[PDB]
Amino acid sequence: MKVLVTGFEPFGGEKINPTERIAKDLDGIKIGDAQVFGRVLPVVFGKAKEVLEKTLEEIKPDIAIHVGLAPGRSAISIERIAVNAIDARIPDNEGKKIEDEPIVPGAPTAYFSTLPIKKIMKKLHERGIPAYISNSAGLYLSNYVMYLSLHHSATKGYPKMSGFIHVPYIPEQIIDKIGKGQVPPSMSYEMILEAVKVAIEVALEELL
């Protein structure tokens, strides 16, 4: 049993992206006898696809859990659906702002996450971790990777389960926002890290 967990590098002016640390922290750990691999993806259209594809082919995970930062969200959110479209509100890290373009021409308009999202949400709640089901992962890089992963699963037969989890800003990221007149929600890094570990465990238990 192999699990791939991905995070993203900093973007949009932020100095950090908590999911980058999540990926690095979880890389190499084991849950039961399952091996976990953690990889960081660039917040760049095209390049992110290449890295994602190469990583999936290299590791051939049974489960893929892609994690990303969702500025403004107040709790862990588990994405229900990936959409075959790109409509960036802001450019990627290479200055590319793609508008109204499919991710994979001719492929399905959307794919449902194959992670046991409701069970994951329920377990998180039991652990005292606020979490809910999101019905839109946006149309930026998070959705981009989510869709490509699910498309890979439908086309290659692996990973068996694939999904996306968005996390709030961590507290330290809020500091310089205060002066800018606005205080978005945040969640401790420790809680977010534990949330991802829980998602992995629940996904694994769901498998065979």
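Each residue number is its position in the shown sequence, starting from 1.
Higher mean CA B-factor, judged across 99-107 and 125-133 from the recorded values: 99-107. The mean Cα B-factor in the deposited entry runs higher for 90-98 than for the other of 72-80 and 90-98. When the C-alpha B-factors of 180, 151, 39, 66 are read from the PDB record, the largest value belongs to 180.
Of the candidates 171, 163, 168, 28, it is 28 whose Cα B-factor is highest according to the PDB record. Ranked within its chain, residue 196 lands in the lowest third, by CA B factor from the PDB record.
In the PDB entry, residue 187 places in the lowest third of its chain by CA B-factor.
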